[PDB]
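Residue numbers (PDB author numbering), protein chains in the order written: chain H, 3 to 203, 213 to 367; chain F, 3 to 203, 213 to 367; chain E, 3 to 203, 213 to 367; chain B, 3 to 203, 213 to 367; chain A, 3 to 203, 213 to 367. Built from N, CA and C at the ideal position, the CB exists for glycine as well.
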Amino acid sequence: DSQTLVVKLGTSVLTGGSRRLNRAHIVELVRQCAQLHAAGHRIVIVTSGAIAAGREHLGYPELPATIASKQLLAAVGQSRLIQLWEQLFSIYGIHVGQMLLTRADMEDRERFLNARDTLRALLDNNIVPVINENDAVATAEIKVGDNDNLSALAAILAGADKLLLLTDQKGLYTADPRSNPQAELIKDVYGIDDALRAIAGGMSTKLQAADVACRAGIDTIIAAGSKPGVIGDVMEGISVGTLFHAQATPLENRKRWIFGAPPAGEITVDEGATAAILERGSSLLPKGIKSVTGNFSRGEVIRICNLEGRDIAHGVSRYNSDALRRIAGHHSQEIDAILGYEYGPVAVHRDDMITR
Amino acid sequence: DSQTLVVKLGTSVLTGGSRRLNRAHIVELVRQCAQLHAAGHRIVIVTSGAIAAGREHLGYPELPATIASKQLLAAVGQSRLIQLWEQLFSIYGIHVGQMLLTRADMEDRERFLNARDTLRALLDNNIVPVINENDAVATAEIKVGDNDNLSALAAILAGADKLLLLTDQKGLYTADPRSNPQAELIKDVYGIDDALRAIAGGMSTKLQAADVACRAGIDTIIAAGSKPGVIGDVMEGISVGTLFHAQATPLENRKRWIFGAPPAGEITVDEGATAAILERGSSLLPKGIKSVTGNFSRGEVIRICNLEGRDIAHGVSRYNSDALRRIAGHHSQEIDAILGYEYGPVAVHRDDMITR
Amino acid sequence: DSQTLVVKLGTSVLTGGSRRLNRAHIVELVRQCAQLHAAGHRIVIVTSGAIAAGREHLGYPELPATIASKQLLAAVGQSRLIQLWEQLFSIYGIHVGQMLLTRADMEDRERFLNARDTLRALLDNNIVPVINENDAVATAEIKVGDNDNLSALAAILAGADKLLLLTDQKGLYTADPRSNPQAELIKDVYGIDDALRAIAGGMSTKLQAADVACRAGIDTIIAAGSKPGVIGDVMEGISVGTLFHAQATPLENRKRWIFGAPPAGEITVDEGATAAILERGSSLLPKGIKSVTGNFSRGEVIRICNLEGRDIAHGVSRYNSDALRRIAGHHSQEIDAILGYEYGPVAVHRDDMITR
Amino acid sequence: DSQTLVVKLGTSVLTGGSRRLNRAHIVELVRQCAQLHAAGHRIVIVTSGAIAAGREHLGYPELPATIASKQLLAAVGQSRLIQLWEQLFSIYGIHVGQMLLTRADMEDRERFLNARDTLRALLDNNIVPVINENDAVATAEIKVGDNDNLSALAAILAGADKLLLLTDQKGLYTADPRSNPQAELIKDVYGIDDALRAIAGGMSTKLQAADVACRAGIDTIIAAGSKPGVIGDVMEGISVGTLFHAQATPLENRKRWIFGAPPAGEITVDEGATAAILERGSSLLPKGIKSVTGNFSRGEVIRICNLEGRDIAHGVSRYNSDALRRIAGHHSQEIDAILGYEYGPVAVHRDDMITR
Amino acid sequence: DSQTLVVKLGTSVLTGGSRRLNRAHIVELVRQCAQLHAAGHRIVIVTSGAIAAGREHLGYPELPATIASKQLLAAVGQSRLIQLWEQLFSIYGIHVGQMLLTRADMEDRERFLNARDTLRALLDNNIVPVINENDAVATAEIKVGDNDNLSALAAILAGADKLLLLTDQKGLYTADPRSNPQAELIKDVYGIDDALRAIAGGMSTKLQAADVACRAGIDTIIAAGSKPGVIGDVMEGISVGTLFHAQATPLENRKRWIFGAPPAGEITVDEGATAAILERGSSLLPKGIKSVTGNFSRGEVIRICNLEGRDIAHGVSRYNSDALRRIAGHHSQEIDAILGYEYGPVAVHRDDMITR
């Protein structure tokens with residue numbers, strides 16, 4: 003039973019509170035992740051600490067305290083940190099791939115589809131994707147977030163089963179553990195209400220990320236990065252911290268994604284593809300397309316019906332309107348001949364469509 | 003209570019039987035060694051596997067199965083393996099220094115002293131010395147030994163308290179474990195006898220190395236490299252394999268080293284230095300020397316006598332006869348001004364001398 | 003017309019007088035050497051600067067001024083320098099191989115043969131050998147030499163055609179260039195006499220190295236490392252500095268090597284191998300051996316005659332007396348079966364023998 | 003949704019009724035199988051036609067009609083046929099591994115486990131296993147079966163989801179299609195009764220194989236090998252021939268396999284492993300073993316309890332009694348050190364055990 | 003005087019110690035075997051090295067060092083190795099037939115007869131049988147033997163006159179040849195005693220195989236595979252290694268085979284067939300059988316008695332009891348018409364019977 007796990011590592015976990023990255027803890031976590039990878043699971047890593055790597059590489063210069071210094075250090079430390087991740091993961095014979103993403107890219111339909119395709123290719127080819135935020139075009143308010151909303155968005159994009167947030171605390175406590183000897187860790191959370199937001203107050216950003224991930228049907232686990240064997244225990248289901256259960260199922264998330272906006276296009280499908288879609292629930296091939304009406308772009312939701320005009324599905328288009336019109340009625344192997352590029356052999360995937 | 007430990011790693015331990023080095027086992031062993039190093043102990047590493055590193059670096063070419071190919075692969079793999087060791091040890095903030103030694107150097111009187119000085123400097127500066135065999139001038143019969151005797155020689159040179167040999171087998175068995183269900187591991191050995199050599203039949216080389224180390228007053232341990240926490244348990248004193256106890260004391264080994272050969276020269280010492288040598292057991296300084304008789308090189312054993320001519324000690328000279336005559340009667344700070352080089356402030360160290 | 007060139011790089015050339023290695027000049031020289039290697043020639047590199055690399059790697063510590071500190075720095079700088087050389091040479095797709103040698107190894111008969119075999123294998127497999135001095139067992143007087151006698155010995159060992167010594171000066175001048183405006187560079191030198199030794203006074216060590224190389228039949232060239240295209244011009248024969256012509260021919264050097272000492276052994280050869288040796292000047296195979304009298308080691312000079320007892324050659328034995336006796340009269344492919352190791356298919360090579 | 007499919011190809015399908023293998027039909031089927039393999043499924047091939055390949059390779063010689071000629075032709079044609087399969091599959095970049103099996107091997111517990119392990123390794127490493135019958139030790143009655151019971155046994159061994167039998171006819175007909183114009187193909191069969199055995203009378216062997224596969228919880232499909240796209244349509248669930256539905260579920264098959272015979276051994280498990288087995292349903296590691304009572308072999312069913320003695324599971328042992336006793340209480344990575352071989356890190360797999 | 007020779011080739015002989023098969027040595031051995039085959043002799047080959055061929059074919063991938071990887075490699079290596087053998091033997095116009103055998107098959111009464119029939123057919127039709135071990139159902143303890151006992155079993159099965167074992171060592175030495183200059187090769191051995199077992203320490216497996224072969228009346232020879240013309244000299248009777256003479260005669264081995272177990276059945280023979288069996292020592296035909304008593308399978312030993320009931324012979328039955336009863340009293344040409352298969356014209360062969 004293969005599973006997809008997103009591990010988010012904050013700067014506190016990576017550095018241990020010091021001014022430089024502590025490679026011992028990182029190599030321990032890499033050992034756990036490599037054990038999981040050998041077991042057959044899929045691992046996605048959201049990381050931070052580019053500024054620390056940039057400071058270390060530059061010989062710790064006496065830069066003025068300004069956002070420009072932060073941007074420069076991030077620019078150097080992105081390369082330095084990806085190099086460090088490659089070095090640590092190559093011990094266990096695992097390749098890694100850099101992925102710089104921003105929230106605006108996730109908002110855009112076409113950029114979202116492109117990022118999802120790249121991540122899926124990386125995961126299929128047994129390569130660990132290391133995801134960070136593009137700090138060259140980011141703002142200070144984004145910098146103070148420390149890759150929490152980005153972690154939730156990456157978990158949604160990867161179609162993961164669990165999102166593990168690693169912290170310095172053990173999780174969520176009912177009261178203050180220092181003042182109250184009776185304060186105890188909360189093990190299971192079924193709904194993020196105002197009471198929880200009042201209990202914990213930067214745990215607020217992690218709570219928002221957990222809420223976002225749970226509304227998409229992904230379980231969220233908050234634990235301490237220093238706990239031995241935390242990642243493996245999370246995989247096996249052993250309780251190690253605070254667990255936020257998924258509020259919905261991925262089918263509901265897909266329905267919300269498809270029906271969130273009105274369709275931006277319209278296509279028509281012949282009898283054979285209609286029977287395949289309805290009876291078997293398979294994908295849609297360009298051969299079955301007959302007419303393409305309306306103008307849209309790749310990644311936008313379109314409407315699929317038969318010749319009679321009765322709606323049968325709503326699906327995410329993998330090609331724009333012009334490409335779909337040009338390749339309509341042709342075999343899947345001719346697409347590269349017609350367009351000069353190929354996004355895949357299907358026009359609408361079976362997992363990106365809802366049949367009504 | 004800091005201790006000196008020499009860890010010997012064979013090709014089978016490093017590679018696991020495969021064609022290339024397995025970095026997971028090496029990184030686990032490096033983690034254990036780094037824990038010991040942070041605890042305040044001194045670690046020396048004797049290693050093999052240059053041929054595997056050379057094969058991997060060269061893209062696994064097809065060379066004829068000869069000794070020239072082995073020498074070339076060793077030449078490339080020495081650099082490759084030292085790079086790997088340095089990379090693995092830099093995770094825990096530990097520096098690594100390469101040493102290449104041969105049995106002829108250990109047999110030589112002056113080369114032994116030079117190598118001991120280099121190793122002592124490396125250990126005093128918190129740098130792990132990685133010792134291998136110079137395969138450029140080595141023979142095939144040396145190659146088939148797999149650094150077994152070199153480990154004992156390095157343990158004697160470093161003045162180690164324990165010598166750890168990592169193998170595939172758990173240690174020494176009374177009978178064949180495969181055939182005899184009653185055969186059990188031997189925990190302690192107090193004297194290597196002909197029955198023991200008949201019991202184990213390359214375990215013979217390891218037995219010879221253990222005998223050499225034990226006759227010099229060093230406890231030897233044979234255990235499996237795959238056993239978790241083997242190095243830490245060996246340091247702590249817990250039983251993990253076969254233990255060969257030291258048949259002699261380091262004082263006896265020093266006496267054997269000093270009196271194994273007749274003195275090659277004689278020097279005269281005034282009254283104050285004589286009192287310091289006898290009453291307090293301190294070292295000998297160039298100021299106290301009054302006369303130098305005979306011709307000898309650095310490292311040779313010489314006789315120290317007072318003004319009256321009565322023999323009072325024997326000791327290993329840190330300077331040859333010419334330099335000793337040139338710096339006799341001068342302060343220790345002027346040596347570099349006289350000879351152009353300095354081997355230290357003392358002429359005969361107190362730990363390299365026997366007082367009689 | 004392939005040629006073998008030995009390039010000696012002192013610490014002044016490598017560092018430029020600074021405290022660290024200057025990689026720009028080194029990469030320029032590496033570019034020239036790579037051009038030569040692609041042209042089809044053979045390049046051997048004798049290098050220095052381990053102390054500078056060790057200082058740079060250790061973060062420039064405040065070590066006391068002692069020979070112990072020198073050895074401590076060299077132990078790390080050897081690995082760092084070999085890593086730098088490999089990194090710079092890999093730009094042009096050339097592999098390098100480390101070779102640590104001492105004078106005593108060259109003096110030894112068997113170690114000389116082992117080193118020559120390793121160097122020949124490295125040269126044959128298109129790998130650049132980087133030769134340095136084993137500082138772990140070296141003395142201060144060796145350290146102050148800066149690899150000049152070692153460079154000459156390596157040139158003799160490699161059978162090179164030219165030995166290029168790179169300096170900071172342009173070569174040898176008749177008088178002091180600063181004081182005398184009429185002082186001019188000496189272009190050709192045919193004999194190192196006392197006048198030249200009086201003219202140049213550390214140019215003396217380089218003069219001794221040039222004399223040693225010239226007495227072995229190797230042309231020596233002293234030039235400035237900063238001159239553009241110096242190595243290529245040396246290969247093409249263009250005059251760039253001071254040239255010391257070879258006093259003898261390699262045949263005379265081989266005669267001196269063979270007849271320097273009386274033979275240490277005696278073997279007998281049948282009619283077919285005798286005819287092959289005398290008429291054709293071919294090598295000697297173990298099949299032709301009939302009797303082996305005397306005890307000797309590998310690399311020592313032995314006497315070869317026929318059944319009649321008339322001396323026909325003096326050669327260098329590639330096997331010791333015991334191995335030669337065991338493999339006498341057998342085919343070349345059985346040697347590994349008989350001894351467990353193979354030094355080659357011949358007993359005495361055609362280039363290591365003199366037929367009288 | 004990856005699936006495992008076993009495709010059985012009789013000699014009639016492979017040869018088309020001629021005297022030699024028809025490579026066009028075979029390459030078409032190989033194209034379909036390669037499409038499935040690229041889609042992500044697992045394919046196992048049971049094949050025949052060794053005699054035809056042997057006849058073709060030997061130049062069609064004139065042997066007498068005897069079983070000895072059949073055995074000789076099978077001996078040559080096994081190699082010839084595996085070569086042909088590898089050659090045809092290499093067009094699509096797929097590797098092929100030969101597997102020769104007999105019924106008696108499936109009857110034996112240890113041989114069954116070894117064959118299952120080999121097949122699982124082949125499937126995991128993306129290599130298509132080609133399974134045939136060992137004709138060197140087979141009888142004529144086995145030869146006349148044409149690999150039907152062997153196909154069912156291989157489907158059971160591989161844990162396949164569907165077993166596709168390719169024939170010359172389209173499937174099972176209610177009456178004789180030639181005589182009766184109203185005879186129609188039977189699409190779904192839910193139970194193999196005496197009526198079906200009377201309807202079809213060599214379809215009887217295929218009916219027996221289908222019954223054997225269905226009693227193990229595997230759907231069976233009988234179709235014509237000449238139908239275009241039969242394999243793909245079978246994967247998609249499209250009806251192409253006669254379908255025999257699974258009578259049971261794989262859980263019942265596992266229960267029958269485990270409880271078919273009384274346990275041949277008894278082991279004891281500590282508290283942590285007991286909790287892992289009962290609460291989480293995980294595998295059993297050698298660390299948790301405490302006592303091993305009884306004598307058994309690898310692959311035999313043993314009883315697992317806790318210290319109190321209450322039975323908690325029945326499982327297939329991956330090691331024999333002696334190996335389990337020797338590795339009891341040790342870590343999984345020490346097994347190779349203790350035994351000299353390793354069957355895996357677990358003692359009883361989670362899928363080979365039933366918890367009661 | 004045609005002879006049957008079984009040649010066993012280990013992994014070390016085939017590969018020379020490298021990672022892949024060395025085809026020059028194999029082609030030389032194939033040339034010698036082809037010369038013997040053209041001379042009119044019969045050659046059987048027992049071979050190893052499937053793992054090396056599998057590694058080479060798969061592009062030398064990186065699998066974990068486990069028995070599962072070994073089986074995975076051997077699965078494709080069997081096909082690759084048989085292909086290589088066929089390609090090398092086709093140069094001299096000789097066909098090759100693959101056989102896969104295990105010790106269990108040799109222990110079985112009927113599988114032994116089937117394998118013997120297949121081998122006899124292959125030898126009679128001038129086809130070289132290449133025998134290996136079925137690694138799909140083999141164990142690790144079987145793998146570590148390197149086909150040593152399988153060679154003896156195949157020599158017994160084939161009725162060979164000589165068994166040749168090719169090793170790296172020249173044979174058996176009285177003492178250690180390396181340490182003792184007086185140690186010399188043992189030329190002839192007449193009885194394997196405990197002294198020889200103590201002398202040789213995988214030489215033990217070869218000694219066990221030699222003992223098994225010699226107790227069956229087959230001369231065994233141990234020699235080096237690298238010796239030129241070893242196979243031809245072995246055939247001619249020239250001494251090349253260590254020779255173990257046959258302690259018994261083939262008639263004694265036949266008596267041991269026949270009388271090792273009590274008869275499983277009884278048949279009655281009329282007067283003419285009784286006279287043919289006794290006076291002329293001919294085979295037994297189904298026409299002469301008058302009654303069959305008991306139940307037994309093919310290959311079991313049965314008692315043959317005349318009409319009076321007096322025991323006259325024992326013999327191995329080529330048919331089971333049912334077929335013997337069905338074909339009793341019929342001509343040899345009708346057997347195929349009665350049973351649907353034929354094992355030969357005789358019921359008990361004259362070489363499988365003992366007449367008393």
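Anyone know if the C-beta pair for residue i and residue j falls short of 9 Å?
| i | j | result |
| --- | --- | --- |
| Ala-339/B | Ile-288/B | no |
| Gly-203/A | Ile-233/A | no |
| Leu-166/E | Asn-134/E | no |
| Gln-80/H | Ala-54/H | no |
| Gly-51/E | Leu-115/E | no |
Quick test of your reading: residue i and residue j, contact by CB under 8 Å. State the CB separation rounded to the nearest angstrom.
| i | j | result |
| --- | --- | --- |
| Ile-229/E | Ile-278/E | Their Cβ separation, rounded to whole angstroms, is 32 Å, which puts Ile-229/E and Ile-278/E out of contact at 8 Å. |
| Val-357/F | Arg-329/F | 7 Å |
| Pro-131/H | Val-46/H | 5 Å |
Could you check if residue i belongs to the surroundings of the ligand ADP, using beta carbon to heavy atom distance under 8 Å?
| i | result |
| --- | --- |
| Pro-66/H | Among the ligands in the structure shown, none appear at all, so the ligand ADP cannot be discussed. |
Which residues in chain B sit within 9 Å of residue i, going by Cβ to Cβ distance?
| i | result |
| --- | --- |
| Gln-37/F | Near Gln-37/F there are no residues of chain B at all, since even the closest Cβ is about 18 Å away, more than 9 Å. |
Which residue's Cα is closest to the Cα of residue i: the options?
| i | options | result |
| --- | --- | --- |
| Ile-365/A | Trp-268/A, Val-303/A, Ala-142/A, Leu-166/A | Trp-268/A |
| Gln-37/H | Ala-40/F, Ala-36/F, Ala-26/F | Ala-26/F |
| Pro-183/A | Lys-145/E, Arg-336/E, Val-357/E, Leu-11/E | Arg-336/E |
| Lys-238/F | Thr-231/F, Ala-227/F, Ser-250/F | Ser-250/F |
| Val-327/E | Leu-168/E, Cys-35/E, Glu-290/E, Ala-272/E | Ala-272/E |
| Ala-154/H | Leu-254/H, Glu-143/H, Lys-172/H, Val-223/H | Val-223/H |
Determine the chain B residues that contact residue i at a beta-carbon separation under 8 Å, and present them in chain order.
| i | result |
| --- | --- |
| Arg-265/H | None at all; the shortest Cβ gap to chain B is about 17 Å. |
Can you pull the chain A residues whose beta carbon is under 7 Å from the beta carbon of residue i, in chain order?
| i | result |
| --- | --- |
| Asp-119/B | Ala-70, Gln-73 |
Name, please, each residue of chain F whose Cβ falls closer than 7 Å to the Cβ of residue i.
| i | result |
| --- | --- |
| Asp-107/E | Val-139 |
Closer than 7 Å by beta-carbon distance: list the chain E residues that pair up with residue i, in chain order.
| i | result |
| --- | --- |
| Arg-337/F | None at all; the shortest Cβ gap to chain E is about 14 Å. |
For residue i, which residues in chain A fall below 9 Å Cβ to Cβ?
| i | result |
| --- | --- |
| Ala-142/B | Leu-350, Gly-351, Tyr-352, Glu-353, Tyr-354 |
Is the region 6–15 of chain B touching the region 160–176 of chain B in the sense that three or more CB pairs, one from each, lie closer than 8 Å? yes
Count the C-beta pairs between the region 75–88 of chain E and the region 113–122 of chain E that are closer than 8 Å, then say yes if the count reaches three, no if not. no
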